[PDB]
Every structure is written in structure tokens, then in C-alpha cells.
Amino acid sequence: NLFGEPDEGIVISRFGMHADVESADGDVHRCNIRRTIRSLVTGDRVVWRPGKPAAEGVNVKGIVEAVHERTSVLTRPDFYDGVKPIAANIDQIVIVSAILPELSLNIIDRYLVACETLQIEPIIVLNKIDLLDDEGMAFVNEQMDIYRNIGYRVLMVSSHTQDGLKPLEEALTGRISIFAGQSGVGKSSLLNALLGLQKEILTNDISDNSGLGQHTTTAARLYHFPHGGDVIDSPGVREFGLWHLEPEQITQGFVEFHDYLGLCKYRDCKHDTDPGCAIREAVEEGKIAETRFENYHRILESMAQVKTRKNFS
Amino acid sequence: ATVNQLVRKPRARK
Amino acid sequence: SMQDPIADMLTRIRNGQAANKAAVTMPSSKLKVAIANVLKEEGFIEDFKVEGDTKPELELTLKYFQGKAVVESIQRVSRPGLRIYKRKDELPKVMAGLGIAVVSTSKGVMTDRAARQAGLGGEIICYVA
RNA sequence: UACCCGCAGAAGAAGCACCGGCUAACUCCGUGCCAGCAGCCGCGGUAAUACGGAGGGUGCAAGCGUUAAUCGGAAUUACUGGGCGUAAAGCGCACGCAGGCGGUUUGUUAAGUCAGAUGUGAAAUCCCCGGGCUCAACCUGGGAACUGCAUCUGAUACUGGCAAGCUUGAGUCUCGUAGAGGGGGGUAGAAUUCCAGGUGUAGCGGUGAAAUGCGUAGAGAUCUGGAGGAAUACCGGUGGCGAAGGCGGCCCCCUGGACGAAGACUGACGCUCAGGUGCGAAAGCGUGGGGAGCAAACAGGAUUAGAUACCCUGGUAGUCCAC
RNA sequence: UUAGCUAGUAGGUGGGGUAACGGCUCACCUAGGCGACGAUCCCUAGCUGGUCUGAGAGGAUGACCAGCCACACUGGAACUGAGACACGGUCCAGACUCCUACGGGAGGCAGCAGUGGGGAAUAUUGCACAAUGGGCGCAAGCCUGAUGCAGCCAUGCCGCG
Ligand SMILES: Nc1nc2c(ncn2[C@@H]2O[C@H](COP(=O)(O)OP(=O)(O)NP(=O)(O)O)[C@@H](O)[C@H]2O)c(=O)[nH]1
Ligand SMILES: [Mg+2]
Ligand SMILES: [Mg+2]
Ligand SMILES: [Mg+2]
Ligand SMILES: [Mg+2]
Ligand SMILES: [Mg+2]
Ligand SMILES: [Mg+2]
Ligand SMILES: [Mg+2]
Ligand SMILES: [Mg+2]
Ligand SMILES: [Mg+2]
Ligand SMILES: [Mg+2]
Ligand SMILES: [Mg+2]
Ligand SMILES: [Mg+2]
Ligand SMILES: [Mg+2]
Ligand SMILES: [Mg+2]
Ligand SMILES: [Mg+2]
Ligand SMILES: [Mg+2]
Ligand SMILES: [Mg+2]
Ligand SMILES: [Mg+2]
Ligand SMILES: [Mg+2]
Ligand SMILES: [Mg+2]
Ligand SMILES: [Mg+2]
Ligand SMILES: [Mg+2]
Ligand SMILES: [Mg+2]
Ligand SMILES: [Mg+2]
Ligand SMILES: [Mg+2]
Ligand SMILES: [Mg+2]
Ligand SMILES: [Mg+2]
Ligand SMILES: [Mg+2]
Ligand SMILES: [Mg+2]
Ligand SMILES: [Zn+2]
């Protein structure tokens with residue numbers, strides 16, 4: 001009770017019982033939430049009132065009353081958790097990966113399917129590239145040229161080398177960015193080399209395994225660019241929620257496969273066991289790499305095994 | 001239960 | 001083991017009374033005769049006989065109503081783990097005076113009704129309810 | 001001063017809490033899981049007797065509610081008057097001191113207990129019958145009570161002590177029977193793996209499917225021979241033995257308990273157990289041996305979103321023995 | 001989640017000591033004493049007749065009344081006297097405050113009220129020796145913040161309008 005001025009501000013982080021709300025000038029001011037709020041995410045503009053200070057100048061919390069409309073939203077379902085939004089109100093996502101512990105290609109493919117359902121442009125960014133040789137660097141560059149023909153910008157950086165940070169910052173100003181990736185892929189290290197942020201906490205960095213990666217940093221913490229825009233950190237995520245829509249939308253989740261539709265034999269096609277698939281003929285031609293095609297029906301065979309019990313929102 | 005047990009130690013009042 | 005033979009005596013009486021047994025036997029002693037003779041004179045049992053001199057064996061004849069237990073329940077009161085003694089005016093009654101309480105005093109074994117004219121107290125043996 | 005006479009006129013003299021149930025009393029409006037309420041149960045997002053207000057009522061009363069504290073309810077530390085197969089609880093088991101308890105017959109002691117009496121348990125408080133202050137509170141007469149303790153005289157059934165016993169408790173002997181009871185020392189034959197030789201050829205191996213691995217230096221398979229290690233098929237079964245954990249090829253040696261038959265014999269020698277004492281699955285630890293197979297960690301290959309686990313090919317510690 | 005404690009300690013002789021017995025004290029002699037029926041150590045607490053609760057057994061507690069013990073700023077010591085190791089007696093030390101001419105002295109409200117302070121919270125800086133009890137004295141008489149009273153505090157009980 002005894003609330004303050006209704007105004008518009010940006011929520012810094014989410015802590016369940018309360019949230020960190022930045023004001024219209026840059027004041028870190030933690031607030032709790034209203035009981036009728038169905039969801040609140042990182043970086044969501046809200047209506048809020050900063051309570052009332054009991055001591056003169058010393059206030060404890062305020063409240064967050066209302067939530068504005070969403071521009072975008074990042075909803076990923078989960079077994080026995082349901083559809084949960086992670087972040088919202090964003091224009092650009094930056095897929096951040098590293099060569100250690102692994103560099104998979106199936107982790108890349110289903111963020112592409114999600115961003116086609118959100119009208120967001122993902123950017124492939126590799127880290128930890130200073131540990132490889134030029135024979136190994138040329139092969140990973142060859143594996144990313146397939147991701148360059150399909151229209152996505154590929155910038156290959158390193159935190160301990162500061163290579164290619166300046167072209168990474170030029171296309172990133174004026175927008176908010178999720179640094180999506182797996183556990184221990186160099187998310188927190190790239191936050192240190194771009195921002196110049198306050199070095200007194202500067203992150204939680206424990207990723208030490210035998211051949212694996214650890215997710216030490218939590219869900220999302222908000223900061224600001226020196227030029228403009230916001231950053232959104234991501235958890236170490238190994239999950240794939242494809243409970244959203246039909247497999248017709250899986251065909252729309254890939255860029256170069258748009259221009260090859262309507263060219264096969266039948267009006268409906270599984271594209272794996274059907275004779276005369278023109279998409280399969282494009283892979284056999286070599287204009288589409290077979291790594292993407294074998295992973296494509298791996299997505300379709302994944303929906304033969306995730307669908308099994310049932311789930312609905 | 002035994003009376004001879006309570007000779008050594010009575011019932012412990014909380 | 002057999003450390004309270006009066007409690008062993010009351011165990012054999014209560015079982016055969018409920019299990020429709022016509023007659024029971026038990027090892028005899030001087031004190032078991034001094035209790036069963038009182039129960040014979042108070043209408044609870046019928047007769048008792050002695051058998052054997054180097055192995056004294058006491059016998060009791062049971063008693064029924066229409067096949068119903070005459071002695072419904074009996075309660076050993078004093079015991080070798082805890083002795084119970086009362087005075088001539090603190091003698092407890094059984095079922096407010098219906099049942100009898102066997103109390104052994106210096107004038108022999110008698111009831112609390114018989115201890116009023118005797119005016120003595122001592123050890124309570126059993127509540128013959 | 002109490003007390004009493006006289007005067008005037010209802011004149012000077014009633015509030016608080018509750019009202020969903022517990023727990024006495026019901027409707028209306030406002031508010032909209034917000035505000036609030038609340039000892040418990042839990043009430044209130046569009047009809048709330050539970051919030052706020054009004055009407056009316058109920059319970060008390062010159063007081064009424066609230067908070068804090070003690071006991072009762074609470075048999076919820078159970079002497080009266082609780083439980084321990086699964087709700088919390090029977091030590092993993094055994095020996096055994098102190099301690100508690102103890103068959104049967106007689107005599108004795110009168111310790112415990114019981115009977116009677118004396119002394120004492122200050123008064124006040126409480127209880128019984130009274131008296132007094134107009135009444136009550138309060139004050140007070142006497143009695144009872146203070147279930148206590150000490151001493152003396154008694155009774156001897158029970159408990160205790162002493163004395164003499166008795167044999168059914170508990171033990172002892174003989175003749176026997178059954179058993180994977182323990183310890184020690186030999187020994188057997190399959191099977192596994194390794195090694196040697198022979199014949200013999202393209203796969204063996206493994207899985208849901210494959211791969212790692214092995215093999216033309218001839219694997220695998222078969223046969224002969226040898227070495228080492230650990231375990232004992234069938235018998236073998238709610239079968240047996242042991243205090244328990246447990247214990248299984250055969251044979252010898254040492255040794256423990258259990259049970260039955262016929263008598264003889266000691267005469268309660270007994271039961272129980274806080275500390276104390278020993279045994280006590282497997283893992284693990286120290287020292288020195290030993291090494292097949294199996295197998296933490298780990299190696300490698302599939303699986304997968306990742307595989308750390310599952311699956312497979314290997315493999316150290318450990319599993320073996322002594323201390 | 002305290003198991004060993006104790007050398008004047010346990011006992012004896014002799015001397016000393018107090019009103020009385022006694023390691024109460026001293027020299028000597030003995031090595032015992034205490035203790036799983038709780039010695040010793042630590043923490044807490046005045047106790048009892050009682051009050052309250054409870055059908056009773058029990059349980060919690062010790063204000064007012066009465067009995068006893070301890071204490072009188074802290075610590076120690078002795079005198080006086082029949083009786084004190086002495087609440088309004090003394091001496092010494094420490095602490096605090098006051099007076100002072102700077103060298104010194106004075107003082108003990110846990111007596112009646114009353115102030116400051118603490119805390120949720122507890123009173124008038126009253127009257128009287130009329131009665132009762134006590135002190136002194138042959139008595140008269142004097143003294144008594146004991147006590148008898150009064151005021152404040154709906155603080156409790158009871159009664160009335
Ligand atoms: N050699 C090298 N190490 C790098 C580079 N970038 C990051 N690292 C190291 O990689 C580790 C992982 O970095 P970190 O940012 O913590 O990973 P993360 O993805 O944020 N982890 P999390 O999932 O917990 O948030 C760190 O030890 C960091 O120093 C790089 O370019 N080169
Ligand atoms: Mg991080
Ligand atoms: Mg009602
Ligand atoms: Mg109200
Ligand atoms: Mg309404
Ligand atoms: Mg009144
Ligand atoms: Mg309470
Ligand atoms: Mg109780
Ligand atoms: Mg119970
Ligand atoms: Mg249980
Ligand atoms: Mg057991
Ligand atoms: Mg005689
Ligand atoms: Mg009295
Ligand atoms: Mg009297
Ligand atoms: Mg009286
Ligand atoms: Mg009257
Ligand atoms: Mg006897
Ligand atoms: Mg073999
Ligand atoms: Mg004989
Ligand atoms: Mg070791
Ligand atoms: Mg393994
Ligand atoms: Mg070892
Ligand atoms: Mg002397
Ligand atoms: Mg007084
Ligand atoms: Mg007193
Ligand atoms: Mg004194
Ligand atoms: Mg003094
Ligand atoms: Mg004084
Ligand atoms: Mg005073
Ligand atoms: Mg104060
Ligand atoms: Zn097709």
C-alpha cells in the first residue's frame with residue numbers, strides 16, 4: 001500500500017518474489033509485482049509505482065501494477081512445466097556458440113525455426129576460436145559458409161583475442177539482443193569485452209568439466225550498450241520445444257527451402273520416403289548441403305518421439 | 001511402563 | 001518365571017471360565033488353599049480337592065449360569081514388582097460393594113466385608129469382580 | 001463518625017462487547033481476493049448475516065473487552081491412568097557384575113506391613129456448626145482436618161532375615177540320534193581365461209540396429225597337453241544348523257551347542273540386566289602377498305539436445321589369503 | 001555434552017580454645033575419607049506454614065499474613081555488652097558524591113514518604129500517640145513513620161441505586 005507515481009520503466013531482471021525495475025533515467029529500484037500478473041520477463045516495459053519511503057530517502061521496494069503489450073515474445077514449452085515465456089520485446093537475437101565443449105549444428109537449426117515464427121533475425125557468433133589451428137579454423141569456416149549462403153550473417157570472434165568485436169558492434173547498436181547458447185559457450189566473457197561494464201562483480205564464471213559445459217550464470221540480466229540498445233543474457237539451455245504448430249511451419253522455418261517449395265511431384269510430401277522430391281533433388285545437386293537435409297528429417301523424426309504422451313497449453 | 005524403570009529415572013516433563 | 005504363583009492361579013481360573021471348561025488343575029500350596037477356600041465360601045466356585053504329597057496338585061470345579069461366566073473378571077492387585085498395602089479404613093471395594101477384595105491379614109484370609117468386624121488391614125490379593 | 005430524624009422532586013446517577021460455525025442472536029446497503037477481517041475453520045474478484053455502515057437483537061454490567069502469565073481441558077511423560085508388527089518407538093546379537101525379583105514345607109525373628117495408645121504436627125487459611133457488622137464481602141467461637149513423624153504394647157497370614165528341609169524349577173551322568181556349527185590341513189572334476197601344439201578358413205565378436213575391438217603373424221571353432229585363480233551344478237526342498245550377521249564339493253583332525261530314551265544324583269543352585277565385555281553382512285583403511293573371471297574411477301564406440309547413466313568392447317582399485 | 005574428588009582433608013594422642021561438644025586451632029601419628037542410593041563441578045533459587053488449579057492423585061508458585069535464616073554502599077576485622085561480628089556503633093581499604101582557606105573532612109533511604117532513572121506498569125514530600133504492643137522510669141510523664149488512621153489508584157471482592 002501507499003504507492004507512488006505511475007510511470008513507464010524497463011524491468012531489469014526477474015526474481016519471482018520481486019523484480020528489478022529501471023526508471024526513466026537509470027535508477028536501479030527493485031519492486032514486487034501484482035498478484036493478477038500472469039507473467040513478467042526481462043526487459044518488459046511496465047506501469048509501476050515506487051512505493052513510499054518510510055525513512056526520508058530510504059525506501060525498500062515499490063510495486064509493478066500493469067504490463068504493457070508485447071512486441072515479440074520468446075515462448076518455449078517444457079515437459080511438466082507448460083509453455084513459459086523467457087524474454088520479450090526484442091528486435092534481434094544473437095546466437096552465441098563456442099568450439100568448446102562441442103559445436104553442434106542441430107542446436108543452430110531449431111532457433112532458426114523459432115525466429116521464423118517471431119520475425120526476428122538471428123546472428124551466428126562463434127567464440128573460443130583462438131585455440132584452433134588454421135587447418136581447423138578453415139574447416140569451421142567451411143561449415144559456416146553454408147550458413148552464409150542462406151542469408152544469415154556470420155561473425156567469428158574470440159573474447160581472449162578481441163578479434164572482430166568492432167564489426168560485431170556496428171550491426172548491433174539500436175537494438176536489444178539475446179545472447180542465446182548452450183552451457184559454457186562464452187556468453188559472459190563476450191559481455192566483458194563489448195560493454196566495459198562494472199568490474200566489481202563482472203560475472204559468475206564457473207564452467208569446468210571433463211568434456212562438458214556448466215551453466216553458472218542465471219536467466220537474464222539487463223545492461224546497456226555504450227552507444228544504444230540493451231543486452232539480454234541467456235541460460236545454458238539444452239531444450240527443444242516444438243509443441244507450437246504443425247509441421248507445415250517446420251517447412252517455413254528454413255530460408256532457402258522457401259524458394260524450392262511447390263516444385264515436387266505431389267501437393268503434399270513427407271520429403272523422405274516420397275519418390276520425386278524436388279527438395280531432395282536439390283540436396284543431391286549440391287546446392288543444399290546434406291548436413292542440413294539429414295538434420296531436417298531428424299527434426300521431423302524428433303516430433304515422432306516428443307509427441308508420444310501428450311502436451312497442450 | 002514398568003514401575004521399577006521409573007525408580008532410576010522418572011517421566012521427563014517437557 | 002513362576003514368581004507370582006497367585007497370578008498363575010488367577011490365569012488358570014480366568015481361561016477355563018471363559019473357554020467352557022468343566023474343571024481345572026494346578027500345583028497346590030498353602031496360600032492357594034487359603035484363597036480357594038474363601039472363593040468356595042463366597043459362591044464363586046464349587047469344590048476343591050488336593051492330590052499328591054510330594055507334588056501337591058490342587059483342583060478346582062468351575063461354575064456357570066447357563067454356560068455364562070460366573071467370575072466375569074478378576075484383577076491381580078499387588079505383585080512382586082509392587083506391593084500394595086492398605087489400612088482398616090482404606091480398604092477398597094469392588095463394584096461399589098458387589099465384588100469382594102481378598103485381603104490377607106493376621107487373622108487369616110478374609111474379605112473386606114469380613115474385615116469390618118475384624119478391624120484390620122494388610123495385603124490386597126485380588127479383586128474378585 | 002456509623003446510625004437516626006426532616007425536607008424537595010424521578011428530579012443527581014448505564015455503558016461495553018458480540019451477532020458464519022465453535023458460542024447466545026438476521027436482515028439490508030456499500031465495497032470487489034483490492035481494502036480489510038481473524039483465536040481456530042478460513043471469509044471477500046459482482047447476491048459477503050464473516051469487510052465497512054445502518055436497523056434490530058444477544059451476553060454482561062459500574063464496569064466491559066483485549067494482551068501477557070499459571071493450571072485445567074491434555075489419559076499430550078499416562079503412580080492412579082499411555083504405547084513400541086506397519087502411525088514416533090524392542091538396542092544387530094550374546095555373556096555377565098551391581099540392582100530388581102523369586103518354587104515348595106516347617107520353625108524362629110517381628111524388619112516391612114497391620115491394630116491400639118502416648119507425645120507431636122504454632123497460629124492463621126480451607127472444611128462443620130454457630131455468633132457479630134442492616135446484608136454480603138469480611139471478622140470470629142469451638143470442633144474437624146492437617147492423610148506426617150517418633151515411641152510403646154500387640155497380632156503372625158503375606159513379604160524380608162535366620163535355621164532345617166523337600167523336588168516339579170534349574171543342573172549332572174550314561175546310552176544314543178541328526179545337522180552347510182566353527183577353525184585348521186589336504187584333495188577332486190567341470191567351467192572361465194592364459195600358454196604350447198595340431199587340423200582347419202573369412203570372418204569372429206557384440207546389439208533393437210550398429211560401431212569400438214579382434215583376426216590371414218590364421219582368429220573364431222575343434223582336439224591334445226600344461227599353468228594359475230576363484231566358486232562348488234544336480235542333490236536342494238516356507239529343508240536343516242547357529243545368539244545373530246550368517247553357514248553348501250568331498251575327506252581327515254581339533255572343537256562348540258541342540259534334542260530324545262531309561263534311571264541315578266545336587267537341592268532354588270533361578271530369571272533378568274544400566275555401565276562393562278565379546279561376536280558382528282558388505283563397502284572402506286594400514287602392511288605384505290595374490291590375480292582367472294566379474295568390476296567403482298577411467299579408456300573407447302553407439303545412443304542423445306547433451307550421455308556424464310543406460311547398451312557394448314576393454315580395464316585399475318577392490319573382490320582372494322595372512323595380520 | 002560434570003566420574004573421580006579431597007592433605008587440616010579422614011581418624012587418633014597431647015596442648016590451646018569457646019558459654020557448651022568438636023580439626024574449632026596447633027605439633028605429632030595413621031592413610032584413610034567421600035562417591036553411581038550422584039561425590040565433585042557448573043547454572044538457577046530464600047525456605048516453610050500456604051495460595052491457585054484440579055473429581056482426586058498430582059501440577060505451578062512462595063506478593064499481602066505468620067514462622068525461620070541471610071543481608072544493611074563493596075570487602076575485611078575486632079571492641080562493647082547477658083545477648084551483634086552490630087540497618088540509623090566504631091576501625092581499615094576501595095568506589096561514588098558533597099564541604100573546603102587545598103592540608104583535609106563528611107556521607108550511606110533494601111525505615112516512613114518523596115525525587116531522578118529503569119520498565120507495559122504500582123501512591124501523599126498527610127494526621128495522631130485516642131487505642132494496642134514495645135522502650136525508659138517508683139509512678140506521673142516522655143518516645144515509637146511500629147501500629148492506629150486519612151488521601152490517591154473502579155486494583156480486587158461484596159452490596160445498593
Ligand atoms: N581461450 C579462450 N577462452 C575463452 C574465450 N571466451 C571465453 N573463454 C573462456 O571460456 C569459459 C566460459 O565462459 P563463460 O562466458 O563463463 O561461459 P558462459 O557461456 O557464460 N557460461 P554460462 O552458461 O554459465 O553462462 C571462461 O573460462 C572463459 O574465460 C576465448 O575466446 N578464448
Ligand atoms: Mg555466463
Ligand atoms: Mg446459534
Ligand atoms: Mg467488526
Ligand atoms: Mg455484492
Ligand atoms: Mg459490582
Ligand atoms: Mg499463552
Ligand atoms: Mg495429563
Ligand atoms: Mg497414545
Ligand atoms: Mg514408524
Ligand atoms: Mg533383533
Ligand atoms: Mg515363642
Ligand atoms: Mg495452625
Ligand atoms: Mg483455631
Ligand atoms: Mg477460621
Ligand atoms: Mg447473616
Ligand atoms: Mg518366609
Ligand atoms: Mg578349467
Ligand atoms: Mg537328597
Ligand atoms: Mg586405501
Ligand atoms: Mg562399468
Ligand atoms: Mg586391501
Ligand atoms: Mg583434642
Ligand atoms: Mg508489612
Ligand atoms: Mg517474613
Ligand atoms: Mg550478622
Ligand atoms: Mg557489618
Ligand atoms: Mg539508614
Ligand atoms: Mg520504602
Ligand atoms: Mg525509562
Ligand atoms: Zn517433396
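As enumerated under the stated definition, the model contains twelve salt bridges over all chains in all. With its nearest N and O atoms 2.6 Å apart, the salt bridge here joins A:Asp145 to A:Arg148. Of this pair, A:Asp145 and A:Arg148 both sit in helix α2 (residues 134–149), three residues apart, which is roughly one turn of that helix. Its relative accessible area of 37% is what places A:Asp145 among the partly exposed residues. Linking C:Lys49 and C:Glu59 is a salt bridge whose minimum nitrogen-to-oxygen distance equals 3.3 Å. Remark: C:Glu59 occurs in strand β3 (residues 57–61) and C:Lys49 occurs in strand β2 (residues 48–51); sequence separation between them is ten residues.

What follows is about unusual backbone geometry. Residue and element names in this part refer to chain A. The omega torsion of the bond from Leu100 to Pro101 falls at 0 degrees, within 30 degrees of zero and hence cis. Tracing the backbone through its elements, the reader meets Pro101 in the loop between β8 (92–98) and α1 (106–116). Although it is not a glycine, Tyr80 adopts a positive phi angle of roughly 60 degrees. Mapping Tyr80 onto the fold places it in the loop between β6 (73–76) and β7 (84–88). Look at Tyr80 and you get exposed, because its relative accessible area is 80%. For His271, which is not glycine, the phi torsion reads 65 degrees and is therefore positive. The residue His271 is located in the loop between α5 (248–251) and α6 (278–285) in this model.

Take the UniProt feature "domain: CP-type G" in chain A next. In this numbering, the UniProt entry assigns the feature "domain: CP-type G" to residues 71–240 of chain A. Secondary structure content for residues 71–240 of chain A is 25% helix and 22% strand, and the end C-alpha separation is 23 Å.

Residues and elements named next belong to chain C. Strand order in the open sheet formed by four strands is β4-β7-β5-β6, and the pairing between neighbours is antiparallel. Of all strands in the sheet, those bounded by a partner on one side alone are β4 (74–76) and β6 (108–111). Each adjacent strand pair in this sheet contributes to an overall mean axis angle of 25 degrees, direction not counted. The pairing of β4 with strand β7 (residues 123–128) spans three bridges and is antiparallel. Among the inter-strand pairings, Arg76 is bridged to a residue of β7, identified as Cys126. The strands that helix α1 (residues 5–18) touches are β4 and β7; relative to β4, the one it contacts most, it runs at about 165 degrees.

All names here are of chain A. What surrounds ligand 1 is a group of 21 residues, the closest being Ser158, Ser159, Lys187, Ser188 and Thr216. In this structure, an oxygen atom belonging to ligand 1 sits 3.2 Å away from a side-chain N or O atom of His160. One of the backbone nitrogen or oxygen atoms of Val185 is found 2.8 Å away from an oxygen atom of ligand 1. A total of 650 Å² of accessible area belongs to ligand 1 in isolation, and the protein chains cover 86% of it. Here the residues of the shell around ligand 1 sort into two nonpolar, 15 polar and four charged.

Reading the values: the criteria
Residues numbered from 1 in each chain as written, not as in the entry; some residues may be left out. Chains lettered and ligands numbered in written order. Part of a larger assembly, values for the part shown. Heavy atoms only, no water. Salt bridge = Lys/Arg side-chain N within 4 Å of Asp/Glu carboxyl O. Helix = DSSP H or I, 4+ residues; strand = E, 2+ residues; numbered from the N terminus. Buried < 20%, exposed > 50% of the residue type's maximum accessible area, 1.4 Å probe, protein only. UniProt positions renumbered as here; feature names shortened; annotations may be inferred. Pairing = 2+ DSSP bridges. Axes fitted to C-alpha atoms, helices over the stretch in contact; angles between N-to-C directions. Contact = heavy atoms within 4.5 Å. Near = heavy atom within 4 Å. Polar contact = N/O pair within 3.5 Å; in protein donor to acceptor, adjacent residues only side chain to side chain. Areas by Shrake-Rupley, 256 points an atom, 1.4 Å probe, with all protein chains shown as cover. Nonpolar A, V, L, I, M, F, W, Y, C, P; charged D, E, K, R; others polar.

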